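Structure record follows, encoded as structure tokens.
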Amino acid sequence: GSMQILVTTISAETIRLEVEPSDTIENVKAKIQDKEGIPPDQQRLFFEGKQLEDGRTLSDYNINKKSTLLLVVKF
Amino acid sequence: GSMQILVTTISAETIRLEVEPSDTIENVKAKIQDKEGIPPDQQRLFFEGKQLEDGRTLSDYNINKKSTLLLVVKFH
């Protein structure tokens with residue numbers, strides 16, 4: 001149109017979570033809901049590029065102390 | 001204690017804005033409030049690394065058609 005401009009809107013935060021190696025990623029998503037207020041269904045967890053899927057644990061993906069996890073959310 | 005992991009929470013979206021080259025940054029910030037719902041003083045605008053100031057126009061920073069602007073917004 002007249003002059004169409006693009007605005008790259010960014011929002012970012014780093015949340016620390018006290019978890020057990022026995023904790024399922026379902027339980028990890030539940031801990032994020034208490035900390036921020038995002039439902040587990042719309043949450044997308046990542047580690048080493050691989051999308052963390054429910055039914056498995058943090059030990060299965062070999063996640064230990066001081067591990068960087070990636071959470072991608074809407075708007 | 002037992003195991004303390006870090007979760008890098010990211011949220012991103014691109015907003016399309018019909019603006020005039022005569023428009024000031026305070027007017028562009030007002031247009032973002034209508035599109036998303038963020039107050040103009042709590043939003044930081046950028047172009048070519050330089051932080052865009054409320055007083056100056058889009059012509060002053062040489063912003064034209066198909067220009068990518070950066071808006072950094074608070075967590076929640």
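Every chain in the structure tokens has a letter given in the order shown (A, B, ...), and although residue numbers restart at 1 in each chain, ligands are simply numbered from 1 in the order shown.
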
Spatial neighbours of segment 49-51 of chain A, max dist 9 Å, only C-alpha atoms, sep filter under 3 positions, as a short mmCIF file (atom, residue, chain, number, x, y, z; two decimals) with N, CA, C and O atoms, in the first residue's frame:
```
data_model
loop_
_atom_site.label_atom_id
_atom_site.label_comp_id
_atom_site.auth_asym_id
_atom_site.auth_seq_id
_atom_site.Cartn_x
_atom_site.Cartn_y
_atom_site.Cartn_z
N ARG A 44 5.66 -25.92 23.45
CA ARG A 44 6.53 -26.69 22.56
C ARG A 44 7.94 -26.74 23.14
O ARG A 44 8.67 -25.74 23.08
N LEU A 45 8.32 -27.88 23.75
CA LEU A 45 9.64 -28.04 24.36
C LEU A 45 10.67 -28.65 23.44
O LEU A 45 10.35 -29.54 22.65
N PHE A 46 11.93 -28.16 23.54
CA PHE A 46 13.06 -28.61 22.72
C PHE A 46 14.34 -28.76 23.52
O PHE A 46 14.54 -28.05 24.51
N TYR A 61 16.22 -38.23 27.20
CA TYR A 61 16.86 -37.24 26.34
C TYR A 61 18.22 -36.81 26.91
O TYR A 61 18.89 -35.95 26.33
N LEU A 70 14.52 -25.30 25.38
CA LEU A 70 13.90 -24.27 24.56
C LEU A 70 12.38 -24.40 24.55
O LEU A 70 11.86 -25.46 24.22
#
```

Where does chain B meet chain A within 7 Å, residue by residue, with the nearest atom pair and distance in Å to one decimal for each, counting only C-alpha atoms, listed by chain and rising number, as CSV?
```
residue,atom,partner,partner_atom,distance
B:2,CA,A:20,CA,6.8
B:3,CA,A:65,CA,4.9
B:4,CA,A:18,CA,4.6
B:5,CA,A:66,CA,5.0
B:6,CA,A:16,CA,4.7
B:7,CA,A:69,CA,4.6
B:8,CA,A:14,CA,4.7
B:9,CA,A:71,CA,4.6
B:10,CA,A:12,CA,4.8
B:11,CA,A:73,CA,5.1
B:12,CA,A:10,CA,4.8
B:13,CA,A:9,CA,5.3
B:14,CA,A:8,CA,4.6
B:15,CA,A:7,CA,4.8
B:16,CA,A:6,CA,5.0
B:17,CA,A:5,CA,5.1
B:18,CA,A:4,CA,4.7
B:19,CA,A:3,CA,5.5
B:20,CA,A:3,CA,6.3
B:64,CA,A:3,CA,6.7
B:65,CA,A:3,CA,5.1
B:66,CA,A:5,CA,5.6
B:67,CA,A:5,CA,5.4
B:68,CA,A:6,CA,4.9
B:69,CA,A:7,CA,4.7
B:70,CA,A:8,CA,4.9
B:71,CA,A:9,CA,4.7
B:72,CA,A:10,CA,5.1
B:73,CA,A:11,CA,5.1
B:74,CA,A:11,CA,5.9
B:75,CA,A:11,CA,5.3
```

Those residues you just picked out, can you put them in a file as an mmCIF file, in the first residue's frame with N, CA and C atoms?
```
data_model
loop_
_atom_site.group_PDB
_atom_site.id
_atom_site.type_symbol
_atom_site.label_atom_id
_atom_site.label_comp_id
_atom_site.auth_asym_id
_atom_site.auth_seq_id
_atom_site.Cartn_x
_atom_site.Cartn_y
_atom_site.Cartn_z
ATOM 1 N N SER B 2 18.811 -30.646 43.746
ATOM 2 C CA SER B 2 18.820 -31.934 43.040
ATOM 3 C C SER B 2 19.181 -31.776 41.558
ATOM 4 N N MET B 3 18.391 -30.973 40.808
ATOM 5 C CA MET B 3 18.597 -30.692 39.386
ATOM 6 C C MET B 3 17.853 -29.414 38.990
ATOM 7 N N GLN B 4 18.610 -28.338 38.717
ATOM 8 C CA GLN B 4 18.062 -27.040 38.312
ATOM 9 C C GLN B 4 18.401 -26.723 36.850
ATOM 10 N N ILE B 5 17.394 -26.884 35.973
ATOM 11 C CA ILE B 5 17.477 -26.681 34.520
ATOM 12 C C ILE B 5 16.994 -25.289 34.105
ATOM 13 N N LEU B 6 17.524 -24.775 32.982
ATOM 14 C CA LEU B 6 17.130 -23.470 32.452
ATOM 15 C C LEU B 6 16.233 -23.669 31.240
ATOM 16 N N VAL B 7 15.134 -22.910 31.175
ATOM 17 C CA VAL B 7 14.176 -22.979 30.072
ATOM 18 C C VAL B 7 14.103 -21.606 29.392
ATOM 19 N N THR B 8 14.657 -21.524 28.171
ATOM 20 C CA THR B 8 14.699 -20.317 27.349
ATOM 21 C C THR B 8 13.342 -20.145 26.646
ATOM 22 N N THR B 9 12.427 -19.397 27.287
ATOM 23 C CA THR B 9 11.079 -19.134 26.781
ATOM 24 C C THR B 9 11.116 -18.002 25.746
ATOM 25 N N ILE B 10 10.690 -18.305 24.504
ATOM 26 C CA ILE B 10 10.650 -17.356 23.385
ATOM 27 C C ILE B 10 9.240 -17.244 22.811
ATOM 28 N N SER B 11 8.819 -16.006 22.510
ATOM 29 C CA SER B 11 7.536 -15.661 21.909
ATOM 30 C C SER B 11 7.831 -14.599 20.851
ATOM 31 N N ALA B 12 7.396 -14.836 19.598
ATOM 32 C CA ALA B 12 7.643 -13.899 18.495
ATOM 33 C C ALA B 12 6.510 -13.824 17.466
ATOM 34 N N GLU B 13 6.315 -12.627 16.864
ATOM 35 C CA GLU B 13 5.310 -12.348 15.827
ATOM 36 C C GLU B 13 5.663 -11.087 15.026
ATOM 37 N N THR B 14 5.411 -11.104 13.698
ATOM 38 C CA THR B 14 5.648 -9.943 12.837
ATOM 39 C C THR B 14 4.329 -9.192 12.588
ATOM 40 N N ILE B 15 4.360 -7.863 12.762
ATOM 41 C CA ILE B 15 3.200 -6.988 12.605
ATOM 42 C C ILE B 15 3.346 -6.098 11.358
ATOM 43 N N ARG B 16 2.314 -6.087 10.500
ATOM 44 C CA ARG B 16 2.281 -5.272 9.284
ATOM 45 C C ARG B 16 1.665 -3.915 9.607
ATOM 46 N N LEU B 17 2.352 -2.820 9.235
ATOM 47 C CA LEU B 17 1.851 -1.475 9.508
ATOM 48 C C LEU B 17 1.870 -0.559 8.300
ATOM 49 N N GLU B 18 0.690 -0.015 7.955
ATOM 50 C CA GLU B 18 0.524 0.957 6.883
ATOM 51 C C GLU B 18 0.820 2.321 7.517
ATOM 52 N N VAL B 19 1.959 2.917 7.144
ATOM 53 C CA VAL B 19 2.424 4.204 7.677
ATOM 54 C C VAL B 19 2.739 5.202 6.562
ATOM 55 N N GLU B 20 2.846 6.490 6.915
ATOM 56 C CA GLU B 20 3.212 7.565 5.988
ATOM 57 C C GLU B 20 4.686 7.909 6.255
ATOM 58 N N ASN B 64 11.629 3.115 4.428
ATOM 59 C CA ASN B 64 10.776 3.056 3.244
ATOM 60 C C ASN B 64 9.997 1.736 3.176
ATOM 61 N N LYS B 65 9.405 1.426 2.002
ATOM 62 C CA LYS B 65 8.635 0.205 1.741
ATOM 63 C C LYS B 65 9.500 -1.036 2.004
ATOM 64 N N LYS B 66 8.896 -2.098 2.573
ATOM 65 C CA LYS B 66 9.542 -3.389 2.874
ATOM 66 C C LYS B 66 10.707 -3.281 3.898
ATOM 67 N N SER B 67 10.631 -2.324 4.851
ATOM 68 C CA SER B 67 11.665 -2.142 5.880
ATOM 69 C C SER B 67 11.330 -2.932 7.140
ATOM 70 N N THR B 68 12.321 -3.674 7.672
ATOM 71 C CA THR B 68 12.168 -4.498 8.873
ATOM 72 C C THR B 68 12.550 -3.699 10.127
ATOM 73 N N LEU B 69 11.551 -3.451 10.981
ATOM 74 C CA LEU B 69 11.680 -2.741 12.252
ATOM 75 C C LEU B 69 11.683 -3.752 13.397
ATOM 76 N N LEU B 70 12.385 -3.436 14.493
ATOM 77 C CA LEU B 70 12.493 -4.339 15.635
ATOM 78 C C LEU B 70 11.830 -3.764 16.876
ATOM 79 N N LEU B 71 10.904 -4.525 17.469
ATOM 80 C CA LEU B 71 10.195 -4.128 18.679
ATOM 81 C C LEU B 71 10.482 -5.148 19.770
ATOM 82 N N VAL B 72 11.144 -4.705 20.855
ATOM 83 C CA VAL B 72 11.455 -5.588 21.981
ATOM 84 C C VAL B 72 10.439 -5.324 23.091
ATOM 85 N N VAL B 73 9.634 -6.345 23.408
ATOM 86 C CA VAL B 73 8.551 -6.268 24.388
ATOM 87 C C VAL B 73 8.846 -7.123 25.630
ATOM 88 N N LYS B 74 8.419 -6.618 26.808
ATOM 89 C CA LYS B 74 8.550 -7.266 28.111
ATOM 90 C C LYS B 74 7.825 -8.614 28.148
ATOM 91 N N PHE B 75 8.421 -9.569 28.878
ATOM 92 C CA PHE B 75 7.995 -10.952 29.120
ATOM 93 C C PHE B 75 6.475 -11.080 29.257
#
```

According to DSSP computed on the backbone, where in segment 1-74 of chain A is there strand (DSSP E or B)? Give the residues as a PDB file with C-alpha atoms, in the first residue's frame.
```pdb
ATOM      1  CA  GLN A   4       3.852  -1.246   4.427  1.00  0.00           C
ATOM      2  CA  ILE A   5       6.436  -1.814   7.208  1.00  0.00           C
ATOM      3  CA  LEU A   6       7.270  -5.027   9.119  1.00  0.00           C
ATOM      4  CA  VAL A   7       7.582  -5.001  12.931  1.00  0.00           C
ATOM      5  CA  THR A   8       9.491  -7.976  14.439  1.00  0.00           C
ATOM      6  CA  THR A   9       7.886  -8.181  17.933  1.00  0.00           C
ATOM      7  CA  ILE A  10      10.066 -10.208  20.372  1.00  0.00           C
ATOM      8  CA  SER A  11       9.369 -11.332  23.977  1.00  0.00           C
ATOM      9  CA  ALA A  12      11.933 -13.484  25.847  1.00  0.00           C
ATOM     10  CA  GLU A  13      12.538 -14.784  29.411  1.00  0.00           C
ATOM     11  CA  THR A  14      14.705 -17.494  31.077  1.00  0.00           C
ATOM     12  CA  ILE A  15      12.948 -19.607  33.729  1.00  0.00           C
ATOM     13  CA  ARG A  16      14.804 -21.869  36.177  1.00  0.00           C
ATOM     14  CA  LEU A  17      13.019 -25.112  37.102  1.00  0.00           C
ATOM     15  CA  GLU A  18      13.836 -27.512  39.953  1.00  0.00           C
ATOM     16  CA  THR A  24       8.237 -36.815  32.627  1.00  0.00           C
ATOM     17  CA  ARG A  44       6.527 -26.687  22.559  1.00  0.00           C
ATOM     18  CA  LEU A  45       9.639 -28.041  24.361  1.00  0.00           C
ATOM     19  CA  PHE A  46      13.055 -28.606  22.715  1.00  0.00           C
ATOM     20  CA  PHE A  47      16.539 -29.952  23.606  1.00  0.00           C
ATOM     21  CA  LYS A  50      14.669 -32.562  19.017  1.00  0.00           C
ATOM     22  CA  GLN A  51      11.059 -31.745  20.047  1.00  0.00           C
ATOM     23  CA  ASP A  54       5.257 -36.695  26.250  1.00  0.00           C
ATOM     24  CA  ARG A  56       9.239 -40.099  28.027  1.00  0.00           C
ATOM     25  CA  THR A  57      11.430 -38.611  30.839  1.00  0.00           C
ATOM     26  CA  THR A  68      19.399 -25.337  28.401  1.00  0.00           C
ATOM     27  CA  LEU A  69      15.831 -26.192  27.247  1.00  0.00           C
ATOM     28  CA  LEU A  70      13.898 -24.266  24.565  1.00  0.00           C
ATOM     29  CA  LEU A  71      10.220 -23.271  24.916  1.00  0.00           C
ATOM     30  CA  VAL A  72       8.416 -21.647  21.961  1.00  0.00           C
ATOM     31  CA  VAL A  73       5.000 -19.977  22.607  1.00  0.00           C
TER      32      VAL A  73
END
```

Query raised in the report: For the atom pair atom CA of residue 40 of chain A and atom CA of residue 1 of chain B, what is the interatomic distance in Å to one decimal place?
Result: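 Taking atom CA of residue 40 of chain A and atom CA of residue 1 of chain B, their separation equals 25.0 Å.
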
Report task. For residue 60 of chain B, please output as a ChimeraX atom specification all residues within 12 Å (counting only C-alpha atoms; exclusion window: fewer than 5 positions along the same chain). Result -> /B:21-25,47,50,52-55

Query raised in the report: Restricting the calculation to only C-alpha atoms, which member of A:35, A:28, A:22, A:62 is positioned closest to residue 48 of chain A?
Result: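 Counting only C-alpha atoms, the residue closest to residue 48 of chain A is A:62.
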
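Distance-wise, atom CA of residue 44 of chain B and atom CA of residue 33 of chain A end up 27.7 Å apart.
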
Query raised in the report: Which distance in Å separates atom CA of residue 34 of chain B and atom CA of residue 39 of chain A, to one decimal?
Result: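 We find that atom CA of residue 34 of chain B and atom CA of residue 39 of chain A lie 26.5 Å from each other.
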
Query raised in the report: Got a sec to tell me which of chain A DSSP assigns to alpha helix (DSSP H), as a PyMOL selection string?
Result: chain A and resi 25-35
